[PDB]
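Since the structure comes first, as structure tokens, the remarks are kept for the end.
Letters A, B, ... are given to chains in the order of the sequence lines, protein chains preceding strands, and every chain is numbered from 1. Both backbone and side-chain heavy atoms feed into the values below; hydrogens, waters and symmetry mates do not.
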Amino acid sequence: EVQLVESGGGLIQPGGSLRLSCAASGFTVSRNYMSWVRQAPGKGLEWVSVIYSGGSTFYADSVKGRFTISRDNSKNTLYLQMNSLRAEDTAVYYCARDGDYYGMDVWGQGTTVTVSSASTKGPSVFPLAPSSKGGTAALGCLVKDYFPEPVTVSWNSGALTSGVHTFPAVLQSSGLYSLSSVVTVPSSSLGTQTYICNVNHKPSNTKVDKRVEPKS
Amino acid sequence: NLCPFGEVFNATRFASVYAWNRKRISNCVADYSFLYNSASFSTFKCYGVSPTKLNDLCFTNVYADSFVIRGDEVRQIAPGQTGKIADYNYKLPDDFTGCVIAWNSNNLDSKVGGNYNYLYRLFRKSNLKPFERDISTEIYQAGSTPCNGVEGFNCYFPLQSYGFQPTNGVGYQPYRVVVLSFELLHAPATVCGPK
Amino acid sequence: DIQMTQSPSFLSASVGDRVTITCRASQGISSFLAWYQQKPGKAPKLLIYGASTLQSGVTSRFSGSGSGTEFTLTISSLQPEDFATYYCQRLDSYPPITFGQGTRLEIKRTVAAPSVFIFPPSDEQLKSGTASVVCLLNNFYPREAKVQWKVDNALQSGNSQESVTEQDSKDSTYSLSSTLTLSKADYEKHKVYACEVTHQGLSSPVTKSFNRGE
Ligand SMILES: *[C@@H]1O[C@H](CO)[C@@H](O[C@@H]2O[C@H](CO)[C@@H](O)[C@H](O)[C@H]2NC(C)=O)[C@H](O)[C@H]1NC(C)=O
Ligand SMILES: [Cl-]
Ligand SMILES: [Cl-]
Ligand SMILES: [Cl-]
Ligand code: NA
């Protein structure tokens, strides 16, 4: 089979070091241009590094002097050693067999790198209470100040799935993530049906059930 | 008896970099004035030798290598460089003694719709030694399966055309390059300056 | 460096349509251009190289054209697996190596105005010293929408963040959440909190507001 299998990504503090690996099958690493390309959350593709079959190596300006691309022919494997990591290095990293004029035809599955000085923390869950004013109301949960990703949100232990929008988390300037999960329900159900959001954040072993009801 | 530097610098056709031309200059009087006065070259860099004193020096032999590359790649025609050209097409030694001269030739080597005569070697297992010339056209094997002379997966034709178009940015436009190598050995010096 | 600019950023189409997306190089690069496709959470897939050569195994419905500065990717008959993001790349394995910023191809539907809701901060959060006010824009199309926070009729800039869902799998709309963050003291220094939503489906902007307290 022709494939690239990546590993080595993970969570690390700024200034730390991480090695990514990329095992190849279906072609020889030492005989090709091999490139690393990364993709920050919600961004486009950024070329990181390349190694020629003859051994020449090149780097993008953003990582030059901090990253080192290398290979092991006996294992047919590409490596990227990342030093002096910074928050903006956070990305999914892909390896690829590069062909210059022939483009990059074989890509790995990607491995995720997160560089942050934030402490691991479970979220606070606050209600987004249905307004007191077709009769459809909206309610929700604000899942605030957690790290790292991800959290999962369900409603009424899975029995409420229709009309649920759980938004992508945003990274706050504090380094902690925040997310909202909302649901539209019939206004007539506000008095009778109980609505509970179930928030799971496995990195902190946090499970929260927050009851969302009208306010006064 | 003046050295035929005009046959090299003013040649109508230039070679591809992978098949760079070498002219052996010997038994003649070398006048290097055409390099100083004109300011018609965009690159004039000398190593191991003083540029302004070339007319005062004698040498055992001179070599004039000539080819065409991209402007972006002229920086690779120097000692200690890396990249597709220096690694797979034309390699200078670390102790190079001579000069590199280059000028933009977009009006001569670019053609509308792409000029496909100038090529560069794109695939090669290892780097070139200094002054090595690889003219092989065998299909490059990128995997374990032999190619048997047919292109396909893991089987690339090793040369790629520059396809010079006049609309190219300056970095992707053709540049003509002449490398003068100066050889001083324990032999009679056959190339001297004026007087 | 030679820049690579893709247009447009978001492009909506239907199944069966003929679609074209454009990539512009700031300087001529002959035919040294590649086209890639990427679906969310997956790795890029090489579609075209040499501006016009179809990568083996890729369906013939993809065609690349152009040479110099203007390049186009054309999908002759749009199939549902084509909805993805598309990138271009200058072909030259030597720094700098530049990709276009991408064009997301999305499912076209009719215009739907957002239903807007505002949520004051909970008392529980106010106990902690921070106030998050949330504005929800539910089930709208197209994605372009503008949320403007107003605090006592003063337009707020630099203290809000927003998030947009993926296109809903069954009705093809989007939803947007915007969060305005203040300290407790700043929040208590003002009365009227409002979000004003402008969207193609609204004749005029819709404002949802509350007065701090009741
Ligand atoms: C290449 O050809 C050019 C053009 O014919 C030569 O440059 C001219 O040389 C004559 C002879 O001294 C001068 O009178 C002209 O003024 C030069 N013109 C320009 C535009 O430079 C050049 O010498 C030739 N190069 C070689 C190495 O023979
Ligand atoms: Cl390699
Ligand atoms: Cl760009
Ligand atoms: Cl839009
Ligand atoms: Na020479």
Side-chain angles (χ1 to χ4, degrees), chain A residues 9-13 41-42 90 92 111-130 137-185 189-215, chain C residues 40-41 117 119-134 136 138 161-166 168-169 175 177-179 181 184:
Chain A
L11 172 59
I12 193 167
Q13 296 180 83
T90 294
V92 174
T111 181
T112 297
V113 176
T114 301
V115 182
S116 175
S117 53
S119 291
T120 293
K121 176 188 176 297
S124 285
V125 186
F126 302 115
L128 303 167
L139 55 98
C141 280
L142 177 64
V143 186
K144 198 179 192 308
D145 290 347
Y146 66 90
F147 184 86
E149 293 257 61
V151 299
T152 60
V153 185
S154 62
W155 285 89
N156 294 344
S157 307
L160 178 62
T161 54
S162 167
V164 170
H165 291 297
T166 296
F167 291 90
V170 299
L171 178 60
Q172 307 162 112
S173 60
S174 66
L176 306 181
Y177 291 90
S178 189
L179 172 154
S180 59
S181 182
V182 300
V183 60
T184 48
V185 301
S189 81
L190 293 184
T192 56
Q193 174 69 52
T194 59
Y195 294 103
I196 298 166
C197 76
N198 331 103
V199 179
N200 192 29
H201 184 246
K202 183 60 179 178
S204 61
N205 298 275
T206 290
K207 280 205 194 75
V208 179
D209 294 316
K210 194 48 164 244
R211 179 193 267 257
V212 184
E213 43 196 9
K215 185 215 178 64
Chain C
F117 302 84
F119 299 98
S122 70
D123 295 315
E124 188 188 354
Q125 184 187 25
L126 285 173
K127 270 191 278 289
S128 79
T130 297
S132 301
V133 194
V134 171
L136 165 72
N138 208 43
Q161 297 187 278
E162 59 174 51
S163 190
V164 186
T165 60
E166 297 289 76
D168 184 81
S169 63
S175 296
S177 169
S178 180
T179 300
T181 302
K184 187 192 184 229

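- Side chains of A/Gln13 and A/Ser116 form no contact here, defined as non-hydrogen atoms less than 4.5 Å apart.
- Counted by atom type alone, A/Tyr146 and A/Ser124 present zero donor-acceptor pairs between their side chains at under 3.5 Å.
- Annotation: side chain of A/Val208 is not in contact with side chain of A/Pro123 (no heavy-atom distance under 4.5 Å).
- Considering A/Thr184, A/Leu190, A/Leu128 in turn, A/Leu190 is the only one that fulfils the side-chain contact (heavy atoms from CB on, under 4.5 Å) rule with A/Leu139.
- Formation of a donor-acceptor pair under 3.5 Å by the A/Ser180 side chain with backbone atoms of A/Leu142 is not found in this model.
- Between A/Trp155 and A/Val185 there is no side-chain heavy-atom pair separated by less than 4.5 Å.
- A side-chain donor from one of A/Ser154 and A/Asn198 sits under 3.5 Å from a side-chain acceptor of the other.
- Annotation for A/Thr120 and A/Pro203: closest pair CG2-O, 3.8 Å, computed over non-hydrogen atoms.
- The shortest distance between side-chain heavy atoms of A/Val151 and A/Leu179 falls below 4.5 Å.
- When A/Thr152, A/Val153, A/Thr166 are each tested for a side-chain contact (heavy atoms from CB on, under 4.5 Å) with A/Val143, only one passes: A/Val153.
- Within the 4.5 Å cutoff, the side chain of A/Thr206 has no heavy atoms near those of the A/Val199 side chain.
- Within 6.0 Å of atom CD in C/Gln161, more than 12 heavy atoms from other residues, nucleotides or ligands are found, so the atom counts as buried in its surroundings.
- Residues A/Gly122 and A/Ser204 approach most closely at CA-OG, 3.2 Å, considering heavy atoms.
- With 3.5 Å as the limit, one finds no donor-acceptor pair spanning the side chains of C/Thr179 and C/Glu162.
- A salt bridge is absent between A/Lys202 and A/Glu149; no separation between the charged side-chain nitrogens and carboxylate oxygens falls under 4.0 Å.
- Here the side chains of A/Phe167 and A/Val182 are in contact, with some heavy-atom distance below 4.5 Å.
- For A/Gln172 and A/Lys144, the side-chain atoms include at least one donor-acceptor pair closer than 3.5 Å.
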